[PDB]
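Trainee: To start, I am sharing the structure in question, which I have written as structure tokens.
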Amino acid sequence: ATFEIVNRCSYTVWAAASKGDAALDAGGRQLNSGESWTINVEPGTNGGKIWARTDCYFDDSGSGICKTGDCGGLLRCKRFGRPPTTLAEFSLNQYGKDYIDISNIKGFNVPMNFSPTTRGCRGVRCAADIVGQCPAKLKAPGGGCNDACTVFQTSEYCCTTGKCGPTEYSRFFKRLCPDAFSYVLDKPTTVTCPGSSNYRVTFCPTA
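With the first letter of the sequence shown counted as 1, position 186 gets the number 186 in the entry's author numbering; the numbers rise by one all the way through.
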């Protein structure tokens with residue numbers, strides 16, 4: 001499947017693409033405002049994620065640090081990034097279907113639209129100003145709005161017993177972005193697309 005990752009933000013982002021134990025394609029790249037990066041993701045990829053990282057510094061060897069979404073200090077991500085990170089999540093060619101969603105379960109850093117470029121399903125978007133409206137206890141100094149599991153590490157926010165309800169904090173993310181997951185057991189906002197669809201992830205889609 002091909003994904004075109006487009007940075008419509010007015011600031012630079014460092015895009016990242018991983019399936020948790022391996023890079024997808026090059027795994028990361030700098031995108032200045034307006035730039036597009038086309039990657040290929042192998043069919044059947046399960047549990048892939050794409051996200052943006054902000055305020056990064058990397059040296060010659062592709063080592064350094066980002067204020068949100070850092071993936072162990074590497075330009076080319078092999079592992080998932082540190083919250084807060086708005087996530088585009090996908091599982092491809094799962095019994096003939098592709099499954100996409102956007103999640104705020106690991107917080108929010110940059111607004112995102114995640115849309116097929118082929119026929120047969122609709123996209124999803126979380127474009128609200130979550131960082132500007134973020135509850136004081138969830139604000140991340142680096143920028144971004146953390147989820148409550150990252151901040152407080154309780155069974156209720158992290159849904160560690162597999163039983164948990166919505167919370168004042170998950171309702172905040174849900175009120176601003178109803179089409180994104182707001183906690184682990186939220187009513188799914190997954191979109192089912194034809195198997196082998198192609199996609200565009202756009203950062204700052206309204207910008």
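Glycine included, C-beta positions come from ideal geometry on N, C-alpha and C.
Can you tell me the Cβ-Cβ gap for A22 and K78, rounded? I've got them flagged as a contact below 8 Å.
Mentor: 6 Å
Trainee: Answer with buried or exposed for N46, where buried requires no fewer than 16 other C-beta atoms within 10 angstroms of its C-beta.
Mentor: exposed
Trainee: Are the beta-carbon atoms of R8 and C204 separated by less than 8 Å?
Mentor: Cβ atoms of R8 and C204: closer than 8 Å.
Trainee: Excluding the 5 residues flanking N93 on each side, which residues of the same chain have their C-beta closer than 7 Å to its C-beta?
Mentor: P43, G44, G195, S196
Trainee: Assign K49 to one of three DSSP states: helix, strand, or coil.
Mentor: strand
Trainee: In whole angstroms, give me the CA-to-CA distance for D101 and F114.
Mentor: 8 Å
Trainee: Which residue comes first and which comes last in the beta strand (DSSP E) that contains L92?
Mentor: 87-94
Trainee: I'd like to check one pair, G73 with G64: are the Cβ atoms closer than 8 Å?
Mentor: yes
Trainee: Which first and last residues belong to the alpha helix (DSSP H) in which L176 is found?
Mentor: Where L176 is concerned, the enclosing alpha helix (DSSP H) stretches over 168-176.
Trainee: What do you get for residue 224, buried or exposed, if any count of 16 or more other CB atoms within 10 angstroms of its CB means buried?
Mentor: Residue 224 is absent from the model: the chain starts at 1 and stops at 207.
Trainee: Determine the closest residue to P178 out of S91, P116, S103, with distance taken between C-alpha atoms.
Mentor: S103
Trainee: Tell me whether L31, by its Cβ, gets closer than 7 Å to a heavy atom of the ligand PLP.
Mentor: Among the components of this structure there are no ligands whatsoever, and the ligand PLP is therefore not found.
Trainee: List the whole-angstrom C-beta distance separating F3 from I50, where the pair is believed to meet the contact cut-off of C-beta under 8 Å.
Mentor: Taking C-beta atoms under 8 Å as the contact rule, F3 and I50 qualify, at a distance of about 7 Å.
Trainee: Output the distance between the C-alpha atoms of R125 and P111, rounded to the nearest integer angstrom.
Mentor: 8 Å
Trainee: Which runs of the alpha helix (DSSP H), 4 residues or longer, sit entirely within the segment 92-168?
Mentor: 130-133, 148-152, 155-158
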